Each structure stands twice: as structure tokens, then as C-alpha cells.
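Take a look at the structure set out below.
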Amino acid sequence: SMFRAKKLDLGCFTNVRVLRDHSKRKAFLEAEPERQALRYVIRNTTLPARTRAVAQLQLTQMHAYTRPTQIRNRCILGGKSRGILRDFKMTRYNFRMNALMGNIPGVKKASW
Amino acid sequence: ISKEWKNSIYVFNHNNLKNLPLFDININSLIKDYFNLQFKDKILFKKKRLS
Amino acid sequence: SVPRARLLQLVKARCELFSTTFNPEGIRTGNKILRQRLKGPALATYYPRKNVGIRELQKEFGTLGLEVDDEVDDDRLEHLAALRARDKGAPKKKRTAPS
Amino acid sequence: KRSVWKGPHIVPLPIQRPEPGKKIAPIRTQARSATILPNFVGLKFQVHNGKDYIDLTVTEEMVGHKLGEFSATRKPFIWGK
Amino acid sequence: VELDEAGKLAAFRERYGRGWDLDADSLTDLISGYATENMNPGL
Amino acid sequence: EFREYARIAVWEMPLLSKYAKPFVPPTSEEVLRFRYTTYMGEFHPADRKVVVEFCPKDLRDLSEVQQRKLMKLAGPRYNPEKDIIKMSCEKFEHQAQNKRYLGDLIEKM
Amino acid sequence: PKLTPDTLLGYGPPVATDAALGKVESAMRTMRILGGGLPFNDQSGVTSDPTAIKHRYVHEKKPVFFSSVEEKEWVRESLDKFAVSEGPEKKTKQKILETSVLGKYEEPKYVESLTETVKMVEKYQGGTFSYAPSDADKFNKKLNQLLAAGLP
Amino acid sequence: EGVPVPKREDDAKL
RNA sequence: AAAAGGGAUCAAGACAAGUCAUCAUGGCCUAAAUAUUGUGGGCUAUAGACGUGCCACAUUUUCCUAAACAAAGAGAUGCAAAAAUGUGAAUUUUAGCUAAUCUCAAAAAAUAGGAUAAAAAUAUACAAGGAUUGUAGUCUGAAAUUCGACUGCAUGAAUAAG
RNA sequence: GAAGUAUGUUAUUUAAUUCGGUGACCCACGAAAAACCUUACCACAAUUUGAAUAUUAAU
Ligand SMILES: [K+]
Ligand SMILES: [K+]
Ligand SMILES: [Mg+2]
Ligand SMILES: [Mg+2]
Ligand SMILES: [Mg+2]
Ligand SMILES: [Mg+2]
Ligand SMILES: [Mg+2]
Ligand SMILES: [Mg+2]
Ligand SMILES: [Mg+2]
Ligand SMILES: [Mg+2]
Ligand SMILES: [Mg+2]
Ligand SMILES: [Mg+2]
Ligand SMILES: [Mg+2]
Ligand SMILES: [Mg+2]
Ligand SMILES: [Mg+2]
Ligand SMILES: [Mg+2]
Ligand SMILES: [Mg+2]
Ligand SMILES: [Mg+2]
Ligand SMILES: [Mg+2]
């Protein structure tokens, strides 16, 4: 909740979990270098054992929003998390409806 | 060519290509409300018939 | 047919020349994390940010004395007023714990 | 951490060794993935299983396992009654 | 003293060394020092 | 739109000939061949890379043994079939810096 | 009809060639990144948003790029008692040419010993544009903290 | 605040 | 060249067919909770039973050796050569390419040789098969215990073509 | 269709085992990737004009 901006800054389809996933994307952007440093000290077997253990503990205390594995694309029109296409940021269905109306540039019904 | 897709575009970086479907909705809303602009009854001295 | 200790002298020359890591023993140095390029800024721009709307359309042309109704909001308010008319509105928000 | 070269998965735990003959309370933990280290021997843990905290006393045979491996999350399936 | 019939202490020390072995040493305060009051709400 | 381009091709295109320069082949000293990328008004992360390629035999200030040593230092950058050392660089934020690095790097080679 | 190398300047390819035309375009490109990042469009009019430009120019204190002098004069007329500098300061001119034209970089030194953690980190950071100057600061700040805590 | 009421004060005097 | 082929498309209506859990919407409900945030757990449970596949039950199969022939697709949220290291998963280090250029990348069956047979039913001849489990590792990731994917060694279930 | 086994479901269990689909037209279906996230479920903690707009008063 501390990562949710007090003023909404989303122009797409807003949802309880779209705000949740948008907050994780902003938190990871702010703490990716700090996180890469810890992940480097841990995997660096040339450092002292204590140094690697300190970084290994600090990486466990970082908030969950800072983990990139918790970022899952969503549909900017419907807000689902299943069936999303990276090239369009939409579900397979909203891609079909917009593709047939001509709202996705370059896409056309395939036949060969 | 403009009559096949609403956005006639090609870009090598597709980051300028994925939000167009959403913007089309926002742009069309602005244009719809833009063409509906009207003077305020106080500017033209018209007596507004409230209801 | 060339000694390995002699080839390293050439491999080390390239490292000094092109400024690369010389690690002939294959020690885990965590350099794979240093070469990996960040991907934070590419993921942060996924969801479009809030942009111009009807309110900024009204404030833009409001200086000239022009008006335009918000059919979406004006309809939302019309619905709420109808609920309160037939006693279906929302209760009074409670600000304290239940006790 | 599966790979051996990265060491074991360690988590902050209030593991304060008590005075000789002092009454120390068991350690409540939800870190079901914390590896049992050699220094855990003799300590009493209360590992969270989702609903309750199943009690545990670390012995030398448990070193290397996870705390969650000693607190069942589901109940055995029994047909009938 | 310190008899490990199952061999789990010898297996651990062979993989991760004697840094985490109790005595009286990475376990000085790394695990306990980082344990702060109200670490995670909800026990 | 076709009349707009026809208007440009009849009145504005011919003016391009007043500022055109003839092509002169490179001299014996111009031994490097750089490559630069452009996306014509777009920002693409690949427009910063600069590629250079030269021939060890163009460096007439080196001897036979020295020219071969250069082929060895190049390593995978040397193409035996064509006898060309192609090497690129996109380590820096600006394309000018990638060209300068390759220039300084060839001096060390 | 009107076509000269000046009417085409601003649309050219920003390449670091020996031809001065390619270097002037890479300098113009840098000024557009400072002024907001919009494309060079000297053929769609001279209007703009005066309020947004005054905010960026005064409250945010960032540069503003004009595609033509006519576009700059239109902003003066629109706003009341609003002044804009003729050009960038001397320091800003040098910084634009320092990197985008001269191409002066920070050569990543060669680190021989694998135990030189700090020096080796600076090496890789210098040889990749993914780590901005601020990103390397966050990385180095945390790294120095870890190396300090793991010592007597 | 609260339940909104119509802004009856809107007119221009001749 | 030609007796060509495939794909897309395929109406109205009925099934008060499916979807108020994409979206959108009328009515009716919740509003200190039928809303919102985190830690752990669960969606991975298992008596019996029903559907999809995978693979095997050796003689036109499988196993070993060798110097053949494809198409299409993927890499700016990245494909990664060569070299070196390891039995292996893989590691160390990055050359090149953001691509008809460089990389993934190698086709396999086939073709041609070769090895093995009382190739399971006579117990001193127990075939093929790779489930189950023990143990040592690797990779991704705060995190691999509930509950991931591969690798080495050992273990060696049913399975006679239904 | 018999063997082993990946997988969907019933039934039952469970603090929860989210929900829907479920004769032809469900059952490798929604789900083109459930360790966290996803996630809608449960236990334990935490929040109450909240993430939106408008209006009225202060700075
Ligand atoms: K850098
Ligand atoms: K087989
Ligand atoms: Mg009511
Ligand atoms: Mg029909
Ligand atoms: Mg029905
Ligand atoms: Mg039916
Ligand atoms: Mg139904
Ligand atoms: Mg609804
Ligand atoms: Mg949760
Ligand atoms: Mg399931
Ligand atoms: Mg290789
Ligand atoms: Mg492949
Ligand atoms: Mg037989
Ligand atoms: Mg056998
Ligand atoms: Mg497991
Ligand atoms: Mg059969
Ligand atoms: Mg079967
Ligand atoms: Mg169900
Ligand atoms: Mg049902």
C-alpha cells in the first residue's frame, strides 16, 4: 500500500490488480540497481563468506514489490492476466475484436 | 491505404505502436466533446431555461 | 600442438588490449550479473500514464467562455440522484471501528 | 538455495542463545523455507503451516532440511469415518 | 561429544564449511542482529 | 498527395543538383571504412553502434611478422576468407564516443 | 519553390561522420532531447502551448527547443511579460559538443586481479550505456555498503 | 459538500 | 504446366445454448466490509470411477559407426559464435548481429555397413521396458519444504499388442 | 478401451482446497505457463472519502 501513489496516474483500464501491478513496476524501477548489487555480491565467490552472507540477508528483507518476478503483464483494456500478448498489451480476445475493426495497425486475418 | 487500418504507421521501435489502440479511444472522446463546445448562456445574454 | 600455457599469453594480450576480464581458471566472479543489462525502465512504461481528458478540455476552452457537458459524469450523477430519490443510495460512511 | 556454491538460504531469526539454565521461549517463524543450520540444534521452533504453528525441536539429523518440511500444511486424506 | 551418526553435520560442513557451526563464524549476529522487533506483522 | 509529390519532383528536386558533390575514390591513406546507422527521426537503441573494418595490408608501416601478429590480436574479428578485420562498438551513450573508441582502439592494435 | 541545405538542416541524419553536416545534425538532435524530445517539424505551423512552455522554462527550469524563430516570437506574444534567452549559455554549448560531437568518453581500464571488486565493477559499468550515471551510483552505494559490512 | 444542489445563481444583467 | 489443391468466408432462426468473472449495462444488494494491503498456506489433497494425450510390451523394432537431403520461425524485455573447463546438466569469457549480412543451428527418418538370440513360458539362460525410490549436482529466482525444470550414479514396477 | 505415466473432472476431504463450463455444442475447456505475483480462496495482522470527480472552508 505504501507503493500506491495517492494520486492515480493510469490512463488505461484501471483495476484493483492493475493498480497493484503498476505499483510493482514503479517500485522495481527505483530499486533495480540496488537489487543487482546484492545479486552480484552473492554470486561473487571471490568475496569473503561474511560479505556474501550479509548481502544474502538484505536481499531477503527487500519488499515484495521490488522483486521483478512479481511483474505480470495485464490487458490495458480489460485488466486480465491470462492470454496477454506482449506485442499488443491485450488479451487474445481484445486483440481479435480490435484487429477485425482495424484498430491494430498492420494486423489482418491470415489465410494461406 | 488509410481505409484499411485506423492508424497508417510503421516504426522500427514498437514502443510507439502498442498504445495506439488505447489512444484512439481517448482521442475520439476529445474530438467528440471538442465539436460540442457551446457558449455560456451568460456570454450571449441568453436566459437559460433551467430544468 | 601448441602449449596451453603459451596460448594464454596471447589470450591475455587480447584482454589487456580490448580491456576484458582475464579469468583462465573459470572462477565464479559474478560478472554475468554485470554484463546483464537492466530492464527496469523498459517495464515501468508498460501502463500508459493518465493524460488529457474532458476536464482539461473544459479548462482549456473555459477561458473563452465555452462549455461542454460530461456525458459520462453527468450520467453517473444522474444515476446516484435517482437512487437517493427512491431510497437506494449509499449509507453514511462509518469512520470508526464497529463497537 | 539449491546450488551449493551459493551457500544455504538464511533468514533473519531472533536466535539468541540463552544463559546456561535459562528459560528461553520457542521461536515463532513463518519462514518455512529457512534451511536448518548446525547452530539451530537444540532450539525449539514453532513453524507456521498456514493456520497453526506446529512445534519443532531441531536435532542433528535435521541439519540441511527446511523448516517447512516438519509442519504439514494439508491434512491426510481419509475415506469414510 | 558432537556425534553425528547420520552424518548430516559432516555433509553440511563439507558443502558450506564451518562458518555456520555453533560454538562458545557467520552466525555472530547476521541471523540474530537482523532480527528486529516487529519484523513481520502477524507473527 | 500525389500532386504534392509531383509538385516537389518538378520544382524542388532539380534544386538538389545545385548542392551535389561528385564522388572521389579514397586515397592510399584512408584505410578505415566506418558504418553509421540512422532511423530517420526515430530513437532506436541500435543507432549508437559504429562498425569499422580495415585490411591489415593497408597498414604499410608494418612488416610481414607484424601484420600477422595483428591478425592474431584481432582474434575472432579477423575474416581469413576476405582478409578484413571488422570490429564494432556500442558501449557508450553517443555515436561519436563509439567512433572515438574504435579510433583509439585501432591505434593500440 | 524553395530548397537549400538550410531548409533541410534539422531533418538530416545525425551520424558522426567526417562531413560536418553529419556532426551538426547530431548536435541539433541533442538540443531536441534537452528541449523536450519532439521531432524537428518546421512545416506544421508556429503555435504551441504557452502555459506549458512557461512552466517548463520557469518552474522546472529546463531548456526549450524551438523549430523556428517564428515559433519563438509567437510564444512571446501569447504570454504577457515573458522573456526567453537568445541561446544556451557557454557551458551548455560545451557539454553538447563534448560528447555528441567530439565523442569524449571514459576509457574502461583493464583490471588484472579478480579481487578488485570496485575497479572491476566500474569497468563493466563504463562499457555499457544501460547503466546511466545515476544507476551506477545506486549500484556503487549499495556495493560499498556490503563490502564494508563484511570486514572486521 | 454533501448532496450537491443546483447552482441557481447563473445570469447576466442587461 | 494444367482433369489441380487448400485456406478464409458460410445466412435467417432455434437451442430463454455459453459468458452479469474480459468489457459494457438495467434492477436489486454490500458501504468498518460483500471494499483495500502484506506474511504463510491453498488452487498441486486422493478411496472408487470417467475423459484427453505420452510411452512401452524386441526379430519390418531397438542398439553401434559414417564423409547425405528441408522448410519455416526467433533475437531492444536478447540471440549468443569461437576458445577453455566439467562424465554431464553447465560454467568462464564475450566476437558478431538488432539481422536475406551475425546468432540460435544441429535436421531426423532415410541410405550403407556392423553388433547382439534358446533375445520372457525347462529357474544354473528372468527379454525388452523406464515407473517408483535413495543419493550427489546444475540452472532460474528473495525464496525450489508443501510445490519447479534438467544432469550423474544406484534402484529396476507393471506391461505377451489389450 | 488393458500396463505405467503427464493432464482435465467427479466424488470426498480440507481452515481454503477460488469461480465458471459441464449430452451432441464440458472434460490438454476459459488457463498462450498457479513456488511469490498471477489469485478471485483460507488463517493471522494492517487500512477506512480509500485510487475518481465535484463543491464548500483554511494554508
Ligand atoms: K555507463
Ligand atoms: K526406448
Ligand atoms: Mg440503503
Ligand atoms: Mg446466425
Ligand atoms: Mg439458460
Ligand atoms: Mg448444452
Ligand atoms: Mg450456467
Ligand atoms: Mg458486475
Ligand atoms: Mg498472498
Ligand atoms: Mg487446476
Ligand atoms: Mg561453444
Ligand atoms: Mg533450438
Ligand atoms: Mg521374443
Ligand atoms: Mg534389461
Ligand atoms: Mg522439489
Ligand atoms: Mg490398443
Ligand atoms: Mg493406460
Ligand atoms: Mg471446478
Ligand atoms: Mg456450476
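Chain labels A, B, ... are given in the sequence in which chains occur in the C-alpha cells; within each chain residues are numbered consecutively from 1, and ligands are likewise numbered from 1 in the order shown.
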
- Message: At a cut-off of 8 Å around ligand 7, and using only C-alpha atoms (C1' of nucleotides) and all ligand atoms, what residues come up? Please write them as a ChimeraX atom specification.
- Response: /I:18 /J:20-21

Export of the given selection (N, CA, C and O atoms (P, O5', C5', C4', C3', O3' and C1' of nucleotides)) as a PDB file, in the first residue's frame:
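New file out-v2.pdb:
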```
ATOM      1  P     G I  18     -26.959 -21.659 -20.814  1.00  0.00           P
ATOM      2  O5'   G I  18     -25.477 -21.270 -21.245  1.00  0.00           O
ATOM      3  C5'   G I  18     -24.432 -22.228 -21.188  1.00  0.00           C
ATOM      4  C4'   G I  18     -23.095 -21.618 -21.524  1.00  0.00           C
ATOM      5  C3'   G I  18     -22.793 -20.271 -20.890  1.00  0.00           C
ATOM      6  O3'   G I  18     -22.369 -20.375 -19.543  1.00  0.00           O
ATOM      7  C1'   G I  18     -22.234 -20.203 -23.181  1.00  0.00           C
TER       8        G I  18
ATOM      9  P     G J  20     -19.406 -21.657  -9.510  1.00  0.00           P
ATOM     10  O5'   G J  20     -19.312 -21.519 -11.095  1.00  0.00           O
ATOM     11  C5'   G J  20     -19.917 -20.425 -11.767  1.00  0.00           C
ATOM     12  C4'   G J  20     -19.359 -20.242 -13.156  1.00  0.00           C
ATOM     13  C3'   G J  20     -19.659 -21.348 -14.155  1.00  0.00           C
ATOM     14  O3'   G J  20     -20.957 -21.255 -14.718  1.00  0.00           O
ATOM     15  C1'   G J  20     -17.371 -20.778 -14.277  1.00  0.00           C
ATOM     16  P     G J  21     -21.765 -22.589 -15.107  1.00  0.00           P
ATOM     17  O5'   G J  21     -20.941 -23.209 -16.321  1.00  0.00           O
ATOM     18  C5'   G J  21     -20.886 -22.558 -17.583  1.00  0.00           C
ATOM     19  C4'   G J  21     -19.971 -23.285 -18.534  1.00  0.00           C
ATOM     20  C3'   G J  21     -20.342 -24.730 -18.835  1.00  0.00           C
ATOM     21  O3'   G J  21     -21.312 -24.840 -19.864  1.00  0.00           O
ATOM     22  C1'   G J  21     -18.033 -24.587 -18.309  1.00  0.00           C
TER      23        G J  21
END
```

- Message: I need the chain B residues near chain C as a ChimeraX atom specification; criterion: at most 12 Å, counting only C-alpha atoms.
- Response: /B:15-16,18-23,25-44

- Task: Apply DSSP to the structure's backbone, then extract all residues of chain D labelled helix (DSSP H, G or I) and return them as a list in words.
- Result: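 Selection result, helix (DSSP H, G or I) within chain D: residues 4, 5, 6, 38, 39, 40, 67, 68, 69 and 70 of chain D.
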
- Query: Counting only C-alpha atoms (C1' of nucleotides) and all ligand atoms, which protein, DNA or RNA residues come within 10 Å of ligand 8, given as a VMD selection string?
  - Reply: chain I and resid 20 to 21 24 to 25

So that I have them on file, write out the residues from the current selection with N, CA, C and O atoms (P, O5', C5', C4', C3', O3' and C1' of nucleotides), as a PDB file, in the first residue's frame.
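The file below, result-v2.pdb, is the result:
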```
ATOM      1  P     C I  20     -20.533 -15.075 -16.035  1.00  0.00           P
ATOM      2  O5'   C I  20     -20.637 -13.513 -15.742  1.00  0.00           O
ATOM      3  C5'   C I  20     -21.646 -12.724 -16.362  1.00  0.00           C
ATOM      4  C4'   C I  20     -21.589 -11.281 -15.926  1.00  0.00           C
ATOM      5  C3'   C I  20     -21.633 -11.049 -14.418  1.00  0.00           C
ATOM      6  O3'   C I  20     -20.860  -9.896 -14.081  1.00  0.00           O
ATOM      7  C1'   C I  20     -23.511 -10.028 -15.428  1.00  0.00           C
ATOM      8  P     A I  21     -19.884  -9.916 -12.805  1.00  0.00           P
ATOM      9  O5'   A I  21     -18.499 -10.445 -13.385  1.00  0.00           O
ATOM     10  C5'   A I  21     -18.420 -11.722 -14.007  1.00  0.00           C
ATOM     11  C4'   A I  21     -17.070 -11.968 -14.631  1.00  0.00           C
ATOM     12  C3'   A I  21     -17.009 -13.184 -15.549  1.00  0.00           C
ATOM     13  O3'   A I  21     -16.058 -12.956 -16.587  1.00  0.00           O
ATOM     14  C1'   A I  21     -15.527 -13.496 -13.743  1.00  0.00           C
ATOM     15  P     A I  24     -16.022  -1.845 -18.185  1.00  0.00           P
ATOM     16  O5'   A I  24     -17.424  -1.685 -18.918  1.00  0.00           O
ATOM     17  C5'   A I  24     -17.537  -0.943 -20.122  1.00  0.00           C
ATOM     18  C4'   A I  24     -18.886  -1.143 -20.761  1.00  0.00           C
ATOM     19  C3'   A I  24     -20.082  -0.992 -19.836  1.00  0.00           C
ATOM     20  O3'   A I  24     -20.455   0.360 -19.634  1.00  0.00           O
ATOM     21  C1'   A I  24     -20.310  -2.978 -21.087  1.00  0.00           C
ATOM     22  P     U I  25     -20.999   0.842 -18.202  1.00  0.00           P
ATOM     23  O5'   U I  25     -22.499   0.313 -18.165  1.00  0.00           O
ATOM     24  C5'   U I  25     -23.435   0.722 -19.149  1.00  0.00           C
ATOM     25  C4'   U I  25     -24.668  -0.142 -19.137  1.00  0.00           C
ATOM     26  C3'   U I  25     -25.372  -0.284 -17.799  1.00  0.00           C
ATOM     27  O3'   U I  25     -26.193   0.827 -17.485  1.00  0.00           O
ATOM     28  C1'   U I  25     -25.167  -2.408 -18.814  1.00  0.00           C
TER      29        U I  25
END
```

- Task: Kindly provide, as an NGL selection string, all nucleotide and amino acid residues lying within 8 Å of ligand 4, counting only C-alpha atoms (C1' of nucleotides) and all ligand atoms.
- Result: :I and (11-13)

Requested write-out: C-alpha atoms (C1' of nucleotides) of the selected residues, as a PDB file, in the first residue's frame:
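Below is the file that was written, out-v6.pdb:
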```pdb
ATOM      1  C1'   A I  11     -27.249 -16.547 -43.879  1.00  0.00           C
ATOM      2  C1'   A I  12     -32.038 -16.061 -41.000  1.00  0.00           C
ATOM      3  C1'   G I  13     -33.857 -18.808 -36.984  1.00  0.00           C
TER       4        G I  13
END
```

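With only C-alpha atoms (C1' of nucleotides) and all ligand atoms counted, the chains near ligand 15 contribute these residues within 12 Å: residues 1, 2, 33, 65, 66 and 69 of chain D; 144, 145, 146, 147, 148 and 149 of chain I; 35 of chain J.
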
- Task: Can you tell me which residues come within 10 Å of ligand 6 when counting only C-alpha atoms (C1' of nucleotides) and all ligand atoms, ideally as a VMD selection string?
- Result: (chain I and resid 15 17 to 18) or (chain J and resid 22 to 26)

Write a file of the selected residues as a PDB file, in the first residue's frame, keeping N, CA and C atoms (P, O5', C5', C4', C3', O3' and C1' of nucleotides).
```
ATOM      1  P     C I  15     -35.734 -21.228 -28.457  1.00  0.00           P
ATOM      2  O5'   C I  15     -34.579 -22.238 -28.032  1.00  0.00           O
ATOM      3  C5'   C I  15     -34.837 -23.628 -27.908  1.00  0.00           C
ATOM      4  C4'   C I  15     -33.559 -24.418 -27.781  1.00  0.00           C
ATOM      5  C3'   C I  15     -32.633 -24.013 -26.646  1.00  0.00           C
ATOM      6  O3'   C I  15     -33.014 -24.574 -25.400  1.00  0.00           O
ATOM      7  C1'   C I  15     -31.385 -24.251 -28.641  1.00  0.00           C
ATOM      8  P     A I  17     -30.453 -20.126 -23.017  1.00  0.00           P
ATOM      9  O5'   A I  17     -30.380 -21.351 -24.032  1.00  0.00           O
ATOM     10  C5'   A I  17     -30.181 -22.681 -23.576  1.00  0.00           C
ATOM     11  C4'   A I  17     -28.785 -23.159 -23.883  1.00  0.00           C
ATOM     12  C3'   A I  17     -27.659 -22.365 -23.239  1.00  0.00           C
ATOM     13  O3'   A I  17     -27.402 -22.754 -21.902  1.00  0.00           O
ATOM     14  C1'   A I  17     -27.203 -22.640 -25.536  1.00  0.00           C
ATOM     15  P     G I  18     -26.959 -21.659 -20.814  1.00  0.00           P
ATOM     16  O5'   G I  18     -25.477 -21.270 -21.245  1.00  0.00           O
ATOM     17  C5'   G I  18     -24.432 -22.228 -21.188  1.00  0.00           C
ATOM     18  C4'   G I  18     -23.095 -21.618 -21.524  1.00  0.00           C
ATOM     19  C3'   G I  18     -22.793 -20.271 -20.890  1.00  0.00           C
ATOM     20  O3'   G I  18     -22.369 -20.375 -19.543  1.00  0.00           O
ATOM     21  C1'   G I  18     -22.234 -20.203 -23.181  1.00  0.00           C
TER      22        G I  18
ATOM     23  P     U J  22     -22.764 -25.458 -19.562  1.00  0.00           P
ATOM     24  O5'   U J  22     -22.479 -27.000 -19.293  1.00  0.00           O
ATOM     25  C5'   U J  22     -21.825 -27.804 -20.263  1.00  0.00           C
ATOM     26  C4'   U J  22     -21.086 -28.945 -19.615  1.00  0.00           C
ATOM     27  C3'   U J  22     -21.940 -29.919 -18.815  1.00  0.00           C
ATOM     28  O3'   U J  22     -22.505 -30.930 -19.633  1.00  0.00           O
ATOM     29  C1'   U J  22     -20.029 -29.282 -17.548  1.00  0.00           C
ATOM     30  P     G J  23     -24.077 -30.961 -19.968  1.00  0.00           P
ATOM     31  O5'   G J  23     -24.172 -32.001 -21.173  1.00  0.00           O
ATOM     32  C5'   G J  23     -23.334 -33.148 -21.190  1.00  0.00           C
ATOM     33  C4'   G J  23     -23.547 -34.007 -22.413  1.00  0.00           C
ATOM     34  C3'   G J  23     -23.262 -33.364 -23.762  1.00  0.00           C
ATOM     35  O3'   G J  23     -21.879 -33.333 -24.072  1.00  0.00           O
ATOM     36  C1'   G J  23     -25.291 -34.587 -23.861  1.00  0.00           C
ATOM     37  P     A J  24     -21.277 -32.181 -25.017  1.00  0.00           P
ATOM     38  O5'   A J  24     -21.773 -32.572 -26.479  1.00  0.00           O
ATOM     39  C5'   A J  24     -21.260 -33.718 -27.143  1.00  0.00           C
ATOM     40  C4'   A J  24     -22.071 -34.051 -28.370  1.00  0.00           C
ATOM     41  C3'   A J  24     -22.101 -32.986 -29.456  1.00  0.00           C
ATOM     42  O3'   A J  24     -20.967 -33.040 -30.303  1.00  0.00           O
ATOM     43  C1'   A J  24     -24.302 -33.738 -29.023  1.00  0.00           C
ATOM     44  P     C J  25     -20.412 -31.706 -31.003  1.00  0.00           P
ATOM     45  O5'   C J  25     -20.127 -30.721 -29.785  1.00  0.00           O
ATOM     46  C5'   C J  25     -19.344 -29.546 -29.965  1.00  0.00           C
ATOM     47  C4'   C J  25     -19.809 -28.425 -29.070  1.00  0.00           C
ATOM     48  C3'   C J  25     -20.054 -28.812 -27.613  1.00  0.00           C
ATOM     49  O3'   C J  25     -19.712 -27.720 -26.761  1.00  0.00           O
ATOM     50  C1'   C J  25     -22.049 -27.972 -28.547  1.00  0.00           C
ATOM     51  P     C J  26     -18.192 -27.503 -26.288  1.00  0.00           P
ATOM     52  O5'   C J  26     -17.849 -28.822 -25.466  1.00  0.00           O
ATOM     53  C5'   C J  26     -18.597 -29.176 -24.314  1.00  0.00           C
ATOM     54  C4'   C J  26     -17.816 -28.928 -23.050  1.00  0.00           C
ATOM     55  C3'   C J  26     -16.529 -29.724 -22.892  1.00  0.00           C
ATOM     56  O3'   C J  26     -15.431 -29.156 -23.585  1.00  0.00           O
ATOM     57  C1'   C J  26     -17.788 -29.873 -20.904  1.00  0.00           C
TER      58        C J  26
END
```

- Task: Show me which residues sit within 8 Å of ligand 11 when counting only C-alpha atoms (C1' of nucleotides) and all ligand atoms, and put them as a ChimeraX atom specification.
- Result: /I:81-83

Could the residues in this selection be saved with C-alpha atoms (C1' of nucleotides) as a PDB file, in the first residue's frame?
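Saved file part-v8.pdb follows:
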```pdb
ATOM      1  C1'   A I  81      29.825 -17.902 -32.080  1.00  0.00           C
ATOM      2  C1'   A I  82      34.925 -19.490 -31.288  1.00  0.00           C
ATOM      3  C1'   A I  83      38.030 -20.970 -27.285  1.00  0.00           C
TER       4        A I  83
END
```

- Kindly compile the residues surrounding ligand 14 within 10 Å, counting only C-alpha atoms (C1' of nucleotides) and all ligand atoms, and format them as a ChimeraX atom specification. /I:126-130,156

How would the residues just chosen look if you wrote them out with N, CA and C atoms (P, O5', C5', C4', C3', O3' and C1' of nucleotides) as a PDB file, in the first residue's frame?
```
ATOM      1  P     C I 126      18.842 -65.032 -18.104  1.00  0.00           P
ATOM      2  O5'   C I 126      17.507 -64.234 -18.447  1.00  0.00           O
ATOM      3  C5'   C I 126      16.270 -64.911 -18.605  1.00  0.00           C
ATOM      4  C4'   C I 126      15.144 -64.184 -17.911  1.00  0.00           C
ATOM      5  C3'   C I 126      15.445 -62.769 -17.442  1.00  0.00           C
ATOM      6  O3'   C I 126      15.358 -61.808 -18.480  1.00  0.00           O
ATOM      7  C1'   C I 126      14.380 -63.961 -15.706  1.00  0.00           C
ATOM      8  P     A I 127      16.279 -60.492 -18.440  1.00  0.00           P
ATOM      9  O5'   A I 127      16.200 -59.921 -19.923  1.00  0.00           O
ATOM     10  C5'   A I 127      16.805 -60.611 -21.006  1.00  0.00           C
ATOM     11  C4'   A I 127      16.019 -60.435 -22.280  1.00  0.00           C
ATOM     12  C3'   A I 127      15.615 -59.007 -22.618  1.00  0.00           C
ATOM     13  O3'   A I 127      16.650 -58.278 -23.256  1.00  0.00           O
ATOM     14  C1'   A I 127      13.741 -60.430 -22.837  1.00  0.00           C
ATOM     15  P     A I 128      17.224 -56.928 -22.598  1.00  0.00           P
ATOM     16  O5'   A I 128      16.238 -55.791 -23.115  1.00  0.00           O
ATOM     17  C5'   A I 128      16.127 -55.495 -24.499  1.00  0.00           C
ATOM     18  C4'   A I 128      14.716 -55.115 -24.870  1.00  0.00           C
ATOM     19  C3'   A I 128      14.181 -53.836 -24.241  1.00  0.00           C
ATOM     20  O3'   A I 128      14.591 -52.663 -24.921  1.00  0.00           O
ATOM     21  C1'   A I 128      12.596 -55.554 -23.965  1.00  0.00           C
ATOM     22  P     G I 129      14.904 -51.321 -24.094  1.00  0.00           P
ATOM     23  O5'   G I 129      13.607 -51.100 -23.195  1.00  0.00           O
ATOM     24  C5'   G I 129      12.357 -50.759 -23.776  1.00  0.00           C
ATOM     25  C4'   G I 129      11.261 -50.724 -22.741  1.00  0.00           C
ATOM     26  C3'   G I 129      11.438 -49.706 -21.625  1.00  0.00           C
ATOM     27  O3'   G I 129      10.992 -48.414 -21.998  1.00  0.00           O
ATOM     28  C1'   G I 129      10.848 -51.810 -20.703  1.00  0.00           C
ATOM     29  P     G I 130      12.027 -47.193 -22.152  1.00  0.00           P
ATOM     30  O5'   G I 130      11.749 -46.298 -20.866  1.00  0.00           O
ATOM     31  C5'   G I 130      10.418 -46.004 -20.454  1.00  0.00           C
ATOM     32  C4'   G I 130      10.278 -46.075 -18.955  1.00  0.00           C
ATOM     33  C3'   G I 130      10.945 -44.936 -18.188  1.00  0.00           C
ATOM     34  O3'   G I 130      10.210 -44.656 -16.998  1.00  0.00           O
ATOM     35  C1'   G I 130      11.932 -46.982 -17.560  1.00  0.00           C
ATOM     36  P     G I 156      17.176 -53.576  -8.077  1.00  0.00           P
ATOM     37  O5'   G I 156      16.022 -53.315  -9.138  1.00  0.00           O
ATOM     38  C5'   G I 156      14.750 -52.834  -8.721  1.00  0.00           C
ATOM     39  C4'   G I 156      13.883 -52.470  -9.898  1.00  0.00           C
ATOM     40  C3'   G I 156      13.660 -53.597 -10.906  1.00  0.00           C
ATOM     41  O3'   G I 156      12.332 -53.544 -11.423  1.00  0.00           O
ATOM     42  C1'   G I 156      14.644 -51.748 -11.993  1.00  0.00           C
TER      43        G I 156
END
```

- Quick one: of G:17, G:7, G:113, G:85, who's nearest to chain C, counting only C-alpha atoms? G:113

- Message: Show me, as a list in words, every residue of chain A with an atom at most 12 Å from chain E, counting only C-alpha atoms.
- Response: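 Interface list for chain A against chain E: residues 48, 49, 50, 51, 52, 53, 54, 55, 56, 57, 58, 59, 60, 61 and 63 of chain A.
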
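Considering only C-alpha atoms (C1' of nucleotides) and all ligand atoms, every residue of the polymer chains approaching ligand 9 to 8 Å or closer is listed here: residues 38 and 39 of chain I; 36 and 39 of chain J.
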
- Residue list for chain E near chain I as a ChimeraX atom specification, 12 Å, only C-alpha atoms (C1' of nucleotides): /E:11,15,39-43

- Determine the nearest neighbour of residue 30 in chain A from the options C:43, C:34, C:8, C:72, counting only C-alpha atoms.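 Nearest to residue 30 in chain A: C:43.
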
- To one decimal in Å, tell me the separation between CA of residue 37 in chain D and CA of residue 147 in chain G. 24.2 Å
